[PDB]
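Trainee: Just one file: structure-v4.cif, with mmCIF, C-alpha atoms and all ligand atoms.
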data_protein
#
loop_
_atom_site.label_atom_id
_atom_site.label_comp_id
_atom_site.auth_asym_id
_atom_site.auth_seq_id
_atom_site.Cartn_x
_atom_site.Cartn_y
_atom_site.Cartn_z
CA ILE I 24 -18.30 -14.74 5.31
CA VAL I 25 -18.70 -18.40 4.31
CA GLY I 26 -21.90 -20.16 5.28
CA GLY I 27 -23.57 -17.03 6.62
CA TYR I 28 -26.74 -15.15 5.75
CA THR I 29 -27.66 -11.77 4.34
CA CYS I 30 -27.78 -9.46 7.36
CA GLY I 31 -30.36 -7.03 6.03
CA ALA I 32 -29.60 -3.45 5.08
CA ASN I 33 -28.19 -1.35 7.94
CA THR I 34 -28.99 -3.96 10.59
CA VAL I 35 -25.31 -3.92 11.69
CA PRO I 36 -25.00 -0.15 12.07
CA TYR I 37 -21.47 -0.14 13.53
CA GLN I 38 -20.05 -2.07 10.54
CA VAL I 39 -17.84 0.03 8.29
CA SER I 40 -16.16 -0.64 4.96
CA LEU I 41 -12.62 0.67 4.50
CA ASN I 42 -12.23 1.84 0.90
CA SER I 43 -9.08 2.74 -1.04
CA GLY I 44 -10.69 2.73 -4.48
CA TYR I 45 -12.48 -0.52 -3.53
CA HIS I 46 -13.52 -2.26 -0.33
CA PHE I 47 -10.46 -3.86 1.30
CA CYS I 48 -11.32 -4.38 4.99
CA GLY I 49 -14.03 -4.05 7.58
CA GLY I 50 -14.00 -2.05 10.79
CA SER I 51 -16.23 -1.04 13.68
CA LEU I 52 -17.42 2.46 14.60
CA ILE I 53 -16.73 3.00 18.30
CA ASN I 54 -17.65 6.71 18.61
CA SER I 55 -18.55 9.53 16.23
CA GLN I 56 -14.89 10.03 15.24
CA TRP I 57 -13.13 6.67 15.61
CA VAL I 58 -13.08 3.23 14.00
CA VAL I 59 -11.34 0.09 15.22
CA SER I 60 -9.96 -2.37 12.66
CA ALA I 61 -7.12 -4.88 12.31
CA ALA I 62 -3.51 -3.71 12.14
CA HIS I 63 -3.07 -5.95 9.10
CA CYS I 64 -5.57 -3.63 7.35
CA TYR I 65 -3.18 -0.66 7.62
CA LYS I 66 -2.54 1.36 4.47
CA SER I 67 -2.60 5.01 3.50
CA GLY I 68 -5.46 6.74 1.69
CA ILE I 69 -8.36 5.19 3.60
CA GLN I 70 -11.91 6.42 3.16
CA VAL I 71 -14.27 5.11 5.83
CA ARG I 72 -17.69 4.17 4.46
CA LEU I 73 -20.48 4.08 7.05
CA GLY I 74 -24.11 3.17 6.56
CA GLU I 75 -23.31 0.66 3.80
CA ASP I 76 -25.28 -2.32 2.64
CA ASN I 77 -24.55 -2.79 -1.08
CA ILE I 78 -20.97 -1.51 -1.37
CA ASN I 79 -21.34 -1.02 -5.15
CA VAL I 80 -24.55 1.09 -5.11
CA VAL I 81 -25.30 4.40 -3.38
CA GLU I 82 -28.51 3.46 -1.56
CA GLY I 83 -29.02 6.60 0.53
CA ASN I 84 -27.80 5.92 4.09
CA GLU I 85 -24.04 6.12 3.51
CA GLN I 86 -21.57 8.55 4.99
CA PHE I 87 -18.15 8.67 3.33
CA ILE I 88 -15.45 10.22 5.52
CA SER I 89 -11.69 10.15 4.94
CA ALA I 90 -9.30 9.13 7.69
CA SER I 91 -7.16 11.87 9.23
CA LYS I 92 -4.88 9.53 11.19
CA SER I 93 -4.32 5.81 11.64
CA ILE I 94 -2.67 4.33 14.73
CA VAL I 95 -1.43 0.74 14.54
CA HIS I 96 -0.96 -0.85 17.95
CA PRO I 97 2.60 -0.19 19.20
CA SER I 98 3.24 -3.92 19.71
CA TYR I 99 1.71 -5.26 16.50
CA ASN I 100 3.86 -8.01 14.98
CA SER I 101 2.95 -8.64 11.33
CA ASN I 102 4.62 -12.08 11.28
CA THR I 103 2.70 -13.57 14.23
CA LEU I 104 -0.30 -11.20 14.04
CA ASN I 105 0.00 -10.61 17.79
CA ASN I 106 -1.75 -7.34 18.74
CA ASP I 107 -3.68 -7.16 15.45
CA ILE I 108 -5.55 -3.93 16.15
CA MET I 109 -5.53 -0.38 14.77
CA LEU I 110 -7.50 2.81 15.36
CA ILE I 111 -8.60 5.16 12.57
CA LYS I 112 -9.73 8.74 13.25
CA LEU I 113 -12.26 10.31 10.89
CA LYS I 114 -11.63 13.78 9.45
CA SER I 115 -15.14 14.80 10.55
CA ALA I 116 -17.60 13.30 13.01
CA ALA I 117 -20.13 10.84 11.67
CA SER I 118 -23.78 11.76 12.11
CA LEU I 119 -25.08 9.03 14.39
CA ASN I 120 -28.55 7.59 13.78
CA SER I 121 -30.32 4.23 13.80
CA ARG I 122 -28.32 3.02 10.77
CA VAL I 123 -24.92 4.52 11.67
CA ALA I 124 -24.20 3.81 15.31
CA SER I 125 -21.24 3.05 17.54
CA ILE I 126 -20.66 -0.34 19.19
CA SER I 127 -19.84 -0.46 22.90
CA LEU I 128 -16.42 -1.62 24.01
CA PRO I 129 -16.40 -4.54 26.45
CA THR I 130 -16.18 -4.02 30.18
CA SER I 131 -15.25 -7.68 30.59
CA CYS I 132 -13.96 -10.38 28.30
CA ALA I 133 -16.39 -12.93 26.88
CA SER I 134 -16.22 -16.63 27.71
CA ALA I 135 -16.12 -19.67 25.49
CA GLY I 136 -19.63 -20.62 24.47
CA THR I 137 -20.82 -17.03 24.15
CA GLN I 138 -22.75 -16.39 20.96
CA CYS I 139 -21.47 -13.63 18.71
CA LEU I 140 -22.27 -11.97 15.39
CA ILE I 141 -19.49 -11.75 12.79
CA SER I 142 -20.10 -9.66 9.68
CA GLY I 143 -18.46 -8.43 6.50
CA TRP I 144 -18.18 -8.22 2.73
CA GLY I 145 -15.55 -10.95 2.43
CA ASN I 146 -15.47 -14.02 0.20
CA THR I 147 -18.45 -16.34 0.57
CA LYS I 148 -16.67 -19.46 -0.79
CA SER I 149 -14.33 -21.79 1.10
CA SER I 150 -13.01 -23.09 -2.22
CA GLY I 151 -13.13 -20.64 -5.08
CA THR I 152 -13.96 -16.96 -4.88
CA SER I 153 -17.16 -14.93 -4.84
CA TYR I 154 -17.42 -11.52 -3.26
CA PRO I 155 -20.84 -10.22 -2.22
CA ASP I 156 -22.25 -6.77 -2.66
CA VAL I 157 -24.45 -6.78 0.45
CA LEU I 158 -23.34 -7.33 4.03
CA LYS I 159 -23.15 -10.94 5.24
CA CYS I 160 -23.58 -12.17 8.80
CA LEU I 161 -22.71 -15.27 10.79
CA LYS I 162 -23.75 -16.27 14.28
CA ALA I 163 -20.88 -18.16 15.89
CA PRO I 164 -19.75 -19.18 19.39
CA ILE I 165 -16.45 -18.38 21.02
CA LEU I 166 -14.38 -21.55 21.32
CA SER I 167 -12.38 -22.63 24.34
CA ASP I 168 -8.77 -21.51 24.58
CA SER I 169 -7.70 -25.16 24.69
CA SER I 170 -9.52 -26.05 21.47
CA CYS I 171 -8.16 -22.91 19.80
CA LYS I 172 -4.58 -23.78 20.76
CA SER I 173 -5.08 -27.39 19.71
CA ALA I 174 -6.32 -26.21 16.30
CA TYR I 175 -3.32 -23.88 15.84
CA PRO I 176 -0.34 -25.28 17.77
CA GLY I 177 2.27 -22.68 18.60
CA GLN I 178 0.27 -19.72 17.25
CA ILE I 179 -2.46 -18.59 19.68
CA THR I 180 -1.40 -15.80 22.02
CA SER I 181 -3.23 -14.30 24.98
CA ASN I 182 -4.43 -11.56 22.57
CA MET I 183 -6.33 -13.99 20.34
CA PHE I 184 -9.40 -16.19 20.49
CA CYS I 185 -11.11 -18.61 18.15
CA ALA I 186 -14.76 -18.52 17.18
CA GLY I 187 -16.79 -20.61 14.80
CA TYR I 188 -17.31 -24.27 14.07
CA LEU I 189 -14.70 -27.03 14.19
CA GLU I 190 -16.77 -29.06 11.70
CA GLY I 191 -16.12 -26.40 9.05
CA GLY I 192 -18.52 -24.72 6.67
CA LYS I 193 -19.12 -21.44 8.56
CA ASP I 194 -16.39 -18.83 9.02
CA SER I 195 -15.15 -15.37 8.20
CA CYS I 196 -12.90 -15.12 5.14
CA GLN I 197 -10.74 -12.85 2.98
CA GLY I 198 -12.10 -9.31 2.94
CA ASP I 199 -13.82 -9.70 6.32
CA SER I 200 -10.45 -8.67 7.85
CA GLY I 201 -10.75 -5.93 10.44
CA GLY I 202 -14.50 -6.33 10.93
CA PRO I 203 -16.49 -6.95 14.10
CA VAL I 204 -17.20 -9.87 16.35
CA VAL I 205 -20.02 -8.60 18.58
CA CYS I 206 -21.32 -10.57 21.55
CA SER I 207 -24.23 -9.36 23.69
CA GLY I 208 -23.92 -5.89 22.17
CA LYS I 209 -20.19 -5.49 22.88
CA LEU I 210 -17.25 -5.55 20.46
CA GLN I 211 -15.26 -8.58 21.65
CA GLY I 212 -13.28 -9.45 18.52
CA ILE I 213 -11.73 -8.21 15.29
CA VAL I 214 -11.49 -10.49 12.25
CA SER I 215 -7.77 -11.33 12.26
CA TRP I 216 -6.57 -14.59 10.65
CA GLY I 217 -7.02 -18.30 10.04
CA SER I 218 -5.87 -21.18 7.86
CA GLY I 219 -8.08 -20.84 4.81
CA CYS I 220 -11.78 -20.31 5.48
CA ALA I 221 -14.40 -22.67 6.87
CA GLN I 222 -11.99 -25.63 6.89
CA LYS I 223 -12.49 -28.51 9.30
CA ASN I 224 -10.56 -28.03 12.56
CA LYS I 225 -9.40 -24.53 11.49
CA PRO I 226 -11.74 -21.97 13.05
CA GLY I 227 -11.35 -18.26 12.61
CA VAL I 228 -8.95 -16.39 14.89
CA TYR I 229 -9.89 -12.98 16.27
CA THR I 230 -8.14 -10.18 18.14
CA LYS I 231 -9.21 -10.18 21.80
CA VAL I 232 -10.58 -6.64 22.09
CA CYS I 233 -11.09 -6.68 25.86
CA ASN I 234 -7.29 -6.62 26.29
CA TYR I 235 -7.10 -3.28 24.44
CA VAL I 236 -9.85 -1.18 26.04
CA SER I 237 -7.45 0.88 28.14
CA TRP I 238 -5.21 1.55 25.13
CA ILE I 239 -8.22 2.49 22.99
CA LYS I 240 -9.60 4.90 25.57
CA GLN I 241 -6.30 6.61 26.34
CA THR I 242 -5.43 6.88 22.65
CA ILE I 243 -8.77 8.53 21.90
CA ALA I 244 -8.36 10.85 24.89
CA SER I 245 -5.10 12.30 23.52
CA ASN I 246 -5.69 12.18 19.75
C1 LIG H 1 -9.03 -12.59 8.12
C2 LIG H 1 -8.66 -13.57 7.06
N1 LIG H 1 -8.10 -13.14 5.87
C3 LIG H 1 -7.86 -14.23 5.07
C4 LIG H 1 -7.32 -14.30 3.78
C5 LIG H 1 -7.21 -15.54 3.21
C6 LIG H 1 -7.59 -16.70 3.89
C7 LIG H 1 -8.12 -16.63 5.16
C8 LIG H 1 -8.26 -15.38 5.77
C9 LIG H 1 -8.77 -14.92 7.04
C10 LIG H 1 -9.31 -15.78 8.15
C11 LIG H 1 -10.81 -16.05 8.03
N2 LIG H 1 -11.32 -16.71 9.24
CA CA H 2 -23.80 1.58 -0.76
#
Could you render the structure from this file as structure tokens?
Mentor:
Amino acid sequence: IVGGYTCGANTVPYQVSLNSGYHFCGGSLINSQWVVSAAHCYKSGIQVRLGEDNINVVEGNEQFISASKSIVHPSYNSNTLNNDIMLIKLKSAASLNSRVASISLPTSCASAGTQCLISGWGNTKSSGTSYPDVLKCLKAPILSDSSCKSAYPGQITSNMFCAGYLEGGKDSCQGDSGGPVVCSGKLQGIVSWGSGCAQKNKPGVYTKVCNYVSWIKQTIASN
């Protein structure tokens, strides 16, 4: 997260870190057994880390649970990033509490102008590289479909939306991949892609979660 703020320990209780020897992506806890992330975060050997603030220190609220199964969306295209969503099932159920909690799925899509919270352990620099230990947060509005398409000609599908600031300076970044965009207490987006980070006229692009609720629910119901 570039241009954000320190969230505060465990204030984003649905935020997970995906770990394969190191943090490599975010995700969102959606029930005691399932996490939603980006398809571009797929790899084998994932341990889901819940209850994290400092990802380099065991602070006492963590739960570390290995994945038993990952399901990349059937229509994910890794060249265009269309349908950039994946589900991860935990080998055991997380113990839910005030600091480890699921985030509700949307019942309706969110409109341009809606304020959202984007979070993660990604790079905090738009030029150069610095990776934080503690969770970073950014409040950002959803941008209009027309401004999103104008920013990224030929690339924005109906499964994507932009959020952030056309002036630059505030954005998600590398390592925030797969993490949440939460608006009014609902998971509306997944950190998906963009041209650099925090660049003028290049806002972040996010998977449009509301399009996937039926797939998420039916997948959970049979897996
Ligand atoms: C999700 C993601 N991962 C990256 C890796 C390198 C540069 C930009 C990005 C982005 C977009 C950030 N808005
Ligand atoms: Ca920790």
Trainee: Quick check, in Å to one decimal: how far apart do atom CA of residue 64 of chain I and atom CA of residue 218 of chain I lie?
Mentor: 17.6 Å
Trainee: Check which residues fall inside 8 Å of ligand LIG 1 (chain H) when counting all atoms listed in the file, and print them as a PDB file with C-alpha atoms, in the coordinates of the input.
Mentor:
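In the end it all went to selection26.pdb:
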ATOM      1  CA  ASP I 194     -16.390 -18.830   9.020  1.00  0.00           C
ATOM      2  CA  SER I 195     -15.150 -15.370   8.200  1.00  0.00           C
ATOM      3  CA  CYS I 196     -12.900 -15.120   5.140  1.00  0.00           C
ATOM      4  CA  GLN I 197     -10.740 -12.850   2.980  1.00  0.00           C
ATOM      5  CA  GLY I 198     -12.100  -9.310   2.940  1.00  0.00           C
ATOM      6  CA  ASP I 199     -13.820  -9.700   6.320  1.00  0.00           C
ATOM      7  CA  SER I 200     -10.450  -8.670   7.850  1.00  0.00           C
ATOM      8  CA  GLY I 201     -10.750  -5.930  10.440  1.00  0.00           C
ATOM      9  CA  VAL I 214     -11.490 -10.490  12.250  1.00  0.00           C
ATOM     10  CA  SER I 215      -7.770 -11.330  12.260  1.00  0.00           C
ATOM     11  CA  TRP I 216      -6.570 -14.590  10.650  1.00  0.00           C
ATOM     12  CA  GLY I 217      -7.020 -18.300  10.040  1.00  0.00           C
ATOM     13  CA  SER I 218      -5.870 -21.180   7.860  1.00  0.00           C
ATOM     14  CA  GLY I 219      -8.080 -20.840   4.810  1.00  0.00           C
ATOM     15  CA  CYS I 220     -11.780 -20.310   5.480  1.00  0.00           C
ATOM     16  CA  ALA I 221     -14.400 -22.670   6.870  1.00  0.00           C
ATOM     17  CA  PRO I 226     -11.740 -21.970  13.050  1.00  0.00           C
ATOM     18  CA  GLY I 227     -11.350 -18.260  12.610  1.00  0.00           C
ATOM     19  CA  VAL I 228      -8.950 -16.390  14.890  1.00  0.00           C
TER      20      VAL I 228
END
Trainee: Hey, which of I:119, I:66, I:157, I:28 ends up closest to ligand CA 2 (chain H)? Count all atoms listed in the file.
Mentor: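 For ligand CA 2 (chain H), the nearest of the candidates is I:157.
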Trainee: Could you list the protein, DNA and RNA residues that have any atom within 12 Å of ligand CA 2 (chain H), counting all atoms listed in the file, and write them as a list in words?
Mentor: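 The neighbouring residues of ligand CA 2 (chain H) are, in order, residues 32, 33, 39, 40, 42, 45, 46, 72, 73, 74, 75, 76, 77, 78, 79, 80, 81, 82, 83, 84, 85, 86, 87, 144, 156, 157 and 158 of chain I.
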Trainee: What is the atom CA of residue 233 of chain I to atom CA of residue 65 of chain I distance in Å?
Mentor: 20.8 Å
Trainee: What gap, in Å, lies between atom CA of residue 70 of chain I and atom CA of residue 36 of chain I?
Mentor: 17.1 Å
Trainee: Excluding residue 97 of chain I and residues on its chain fewer than 6 positions from it, collect all residues at most 10 Å away from it, counting only C-alpha atoms, and give them as a ChimeraX atom specification.
Mentor: /I:62,106,108-109,238
Trainee: Need to verify the contact set: segment 125-137 of chain I, 10 Å, only C-alpha atoms, exclusion of same-chain residues closer than 3 positions in sequence. Can you return it as a ChimeraX atom specification?
Mentor: /I:35-38,51-58,117,119-122,163-168,184-186,203,205-212,231-236,239-240
Trainee: Quick one: of I:242, I:224, I:202, I:95, who's nearest to residue 145 of chain I, counting all atoms listed in the file?
Mentor: I:202
Trainee: For segment 80-99 of chain I, take all atoms listed in the file, fit an axis-aligned box around them, add 8 Å to each of the six sides, then output centre and edge lengths in Å rounded to one decimal, as AutoDock Vina command-line options.
Mentor:
--center_x -12.9 --center_y 3.3 --center_z 7.3 --size_x 48.3 --size_y 33.1 --size_z 40.8
Trainee: Pick out the residues sitting within 8 Å of residue 101 of chain I, and hand them over as JSON, numbers by chain; count all atoms listed in the file, and ignore anything fewer than 4 positions along from it in its own chain.
Mentor: {"I": [63, 105, 107]}
Trainee: Taking all atoms listed in the file into account, which of I:204, I:174, I:88, I:213 comes nearest residue 115 of chain I?
Mentor: I:88
